[PDB]
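In structure tokens, one chain follows: the form deposited in one PDB entry.
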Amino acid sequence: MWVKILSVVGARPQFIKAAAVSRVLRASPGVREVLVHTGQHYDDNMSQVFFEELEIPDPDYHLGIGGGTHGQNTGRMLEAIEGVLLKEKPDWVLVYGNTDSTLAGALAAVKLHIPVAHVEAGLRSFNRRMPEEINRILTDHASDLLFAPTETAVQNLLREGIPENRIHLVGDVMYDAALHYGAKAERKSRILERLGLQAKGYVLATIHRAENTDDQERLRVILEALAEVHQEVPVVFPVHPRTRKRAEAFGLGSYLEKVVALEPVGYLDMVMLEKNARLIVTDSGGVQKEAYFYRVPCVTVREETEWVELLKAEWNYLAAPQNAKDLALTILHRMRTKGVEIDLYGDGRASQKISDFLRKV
């Protein structure tokens, strides 16, 4: 009767995915849900605020593992998570996205013959030097079920020999999350007030990819470009903590004072800020999809994206950070554009289709 579904989460974006799938498994007939928090994101504004605001039950476990190397974080999460799998003996392990926590969770489980489902599977940058590309490839190939959010993602899995019958195109659970919590965002978040921002009276930015923040010249191009954009249209920038650290370390911390820079915000503020932005500048996977949700034009500050449908649809645009002034003009040019009318990422019921496919198989 009770299938036990154990969820491994470690990062902000995973807490948000999980909140959509938890909601649905909670009120599932005879499903017990166990939640493990790897500890990867520990700070109040990267972790706790999402459990509080998205009504996610307290983790059954917090492994408290974070802030080391790839080897340390992964290695220990592997040992710790196995310890919990041995105690809890679940029927399914679900992993999310593509961090070291995703891979450690999966790898812990497959070695115990515990089935593994990958929520958000089959995405590819085709840059194998990226640690996130390796995590998603190794995760997909270790899983038993692959919950694809797009047709591209499905073709990507088929191309690497993974069979039809283990792939389910379910759309994106982060679209579910945006539907379920938008109202709560309306009636709780006053961030437009607190910042004194008029709706569609600003540009919203996030930047945290390692290929953008570890490289001084890239990080400088971006912060220069955003400060120019701000002269013309205010830039709001909840600054990822690693990004903050890197810009302080290379002596770029002044460009952050020259825009409206914030510590990281919870999901409800973020929804509000995203919704009411004239345009969104990001290097985030989640934020670029979210821009499309609200039909706000987007610029992706990378050489590629895994979300190729947003480019085809013209809601999203690549601007690699080679030149501060070029990137500024690209941003400012794109804010009076829009994309075509199209429905991606499903019906807002990816989580429920996932719940269903898990009680059958």
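Here, rigid core means the biggest group of C-alpha atoms that superpose within 1.5 Å across both forms. For every residue, the number given is its place in the sequence shown, counted from 1. Residues that one form lacks are left out of the comparison.
- In this entry, the higher average B-factor at the C-alpha atoms falls on 186-194, of the pair 186-194 and 240-248.
- For the two regions 129-137 and 271-279, the entry's Cα B-factors average higher over 271-279.
- The maximum CA B-factor among the listed residues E309, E304, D326, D44, taken from the PDB record, is found at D44.
- Residue-level inspection of the entry shows that, of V229, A142, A109, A80, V229 has the top Cα B-factor.
- When the modelled residues of the chain are ordered by C-alpha B-factor, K289 sits in the lowest third.
- Per-chain ranking of the deposited C-alpha B factor places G201 in the highest third.
- When the CA B factors of the chain's modelled residues are split into thirds, the value for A104 lands in the lowest one.
- For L123, the recorded CA B-factor ranks within the lowest third of the chain. Only modelled residues enter the ranking.
- When all modelled residues of the chain are sorted by CA temperature factor, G161 is found within the highest third.
If you look for the form deposited in another entry, you will not find it shown, but the lines that follow are about it.
- In a core superposition between this form and the one not shown, the Cα of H240 is the only one among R76, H240, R166, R124 shifting by 2 Å or more.
- Once both forms are overlaid on their core, the residue ranges between this form and the one not shown with Cα shifts reaching 2 Å in three or more consecutive positions are 40-51, 186-267, 272-288, 294-308, 314-342.
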